[PDB]
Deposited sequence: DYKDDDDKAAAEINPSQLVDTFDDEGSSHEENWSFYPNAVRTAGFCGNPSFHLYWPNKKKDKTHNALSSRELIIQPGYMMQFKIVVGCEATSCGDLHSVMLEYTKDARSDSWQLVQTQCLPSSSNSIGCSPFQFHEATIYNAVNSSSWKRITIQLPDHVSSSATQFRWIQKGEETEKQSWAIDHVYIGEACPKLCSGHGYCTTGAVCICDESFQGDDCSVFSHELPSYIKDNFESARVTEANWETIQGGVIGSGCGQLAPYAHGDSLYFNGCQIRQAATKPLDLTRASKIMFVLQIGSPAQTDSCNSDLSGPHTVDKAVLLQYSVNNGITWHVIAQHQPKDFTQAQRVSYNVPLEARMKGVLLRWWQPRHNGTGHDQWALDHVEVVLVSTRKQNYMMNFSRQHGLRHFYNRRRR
């Protein structure tokens, strides 16, 4: 007598309206059946049925926006929204931006900084799997979600799951299926898919003096290259730094590490320059200075949630400094990710930063 409480579709009555959508396969590296919107007179979108949803539900899907495109273009954002009565066209984003500058609103928790649920060619140029512990304001007796792109960019969706949160959201190494059970990815096991079958590195060392060691050490490096834009990083460091001048997302996130024996995280950081050069500058007058800080974060779920170890405001790092932090107990586990990230910035030529002497002591 009530609407369904789950929706699983790897690709009939699950989906309400899907303008311009086409059910195909083999787009941009996905061999499975998925639905695609081509680049080819309406807002193309994909909506769902009305769903009863309760606090503690999750949403997980696979998405592409612009296959193999250069990121610096704003292009056409795919927004993931929710609604509670379709008759009134009251649609709101599933997750809103939660930055250090923003107040703690409905979506935003104190220090759990995340992004919004809009997806662009910058982010999903490759098939990415997004997992969200959806906020409690989404829950209702008949909630509908939709992906809308309000001359267009292609985009695609596959393996959608909306329903009860299964243990630990499958730990970011597995997918949730019918009945709130977790089917793990390759080489991961357990009821929550947290246990890695193989072993992981004990500690990471990187002075960025050889491109091969850095290519082995890091999983994602976005918006920055091995260079010397802010100069030789410090009195504390030398040579080529990881220097972030690139447009859009500026990020350096390690491969999975084993931090059970990790003691402290040390590095040398600079944000801007005393010279305030075009290669390396910082806006200390703007009110959004907190968003232009370099956040050090850790993740135990392979990227679903990041927790702050330290924040580095640009006012305190005009001259590069060496810093050391204790690895929190919650982060002293197997399969931990470390990340250096700039939340906001003004594109190339603005708000640059450099990183060097990445050292995990991991020793008595």
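In this entry, the deposited residues absent from the coordinate set span 1 to 11, 23 to 29, 59 to 61, 172 to 175, 390 to 414.
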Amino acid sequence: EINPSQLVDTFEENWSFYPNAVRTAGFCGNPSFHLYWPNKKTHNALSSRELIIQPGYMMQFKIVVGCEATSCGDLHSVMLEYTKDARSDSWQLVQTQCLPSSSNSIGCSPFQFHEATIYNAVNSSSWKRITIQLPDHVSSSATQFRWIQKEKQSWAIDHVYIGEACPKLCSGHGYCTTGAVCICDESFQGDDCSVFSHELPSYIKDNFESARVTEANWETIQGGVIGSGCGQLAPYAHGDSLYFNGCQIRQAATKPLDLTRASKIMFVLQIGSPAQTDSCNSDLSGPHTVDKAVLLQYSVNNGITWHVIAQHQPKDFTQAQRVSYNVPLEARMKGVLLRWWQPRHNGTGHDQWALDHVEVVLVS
From here on, numbers count along this sequence of modelled residues.
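When 195 to 203 is weighed against 279 to 287, 195 to 203 comes out higher, by mean CA B-factor as recorded in the entry. In this entry, 28 to 36 shows the higher mean Cα temperature factor of the pair 28 to 36 and 53 to 61. The entry assigns its greatest Cα B factor, within the set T131, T220, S210, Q95, to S210. Highest C-alpha temperature factor among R146, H76, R250, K292 per the entry: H76. In this PDB entry, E186 carries a Cα temperature factor that places it within the highest third of its chain's modelled residues.
Per the deposited record, the Cα B-factor of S47 falls in the middle third when ranked against the other modelled residues of its chain. Among the modelled residues of its chain, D316 has a C-alpha B-factor that falls in the lowest third according to the deposited record. Annotation for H307: CA B-factor lies in the lowest third of the chain's modelled residues. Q297 sits in the lowest third of its chain by CA B factor, as recorded in the PDB entry.
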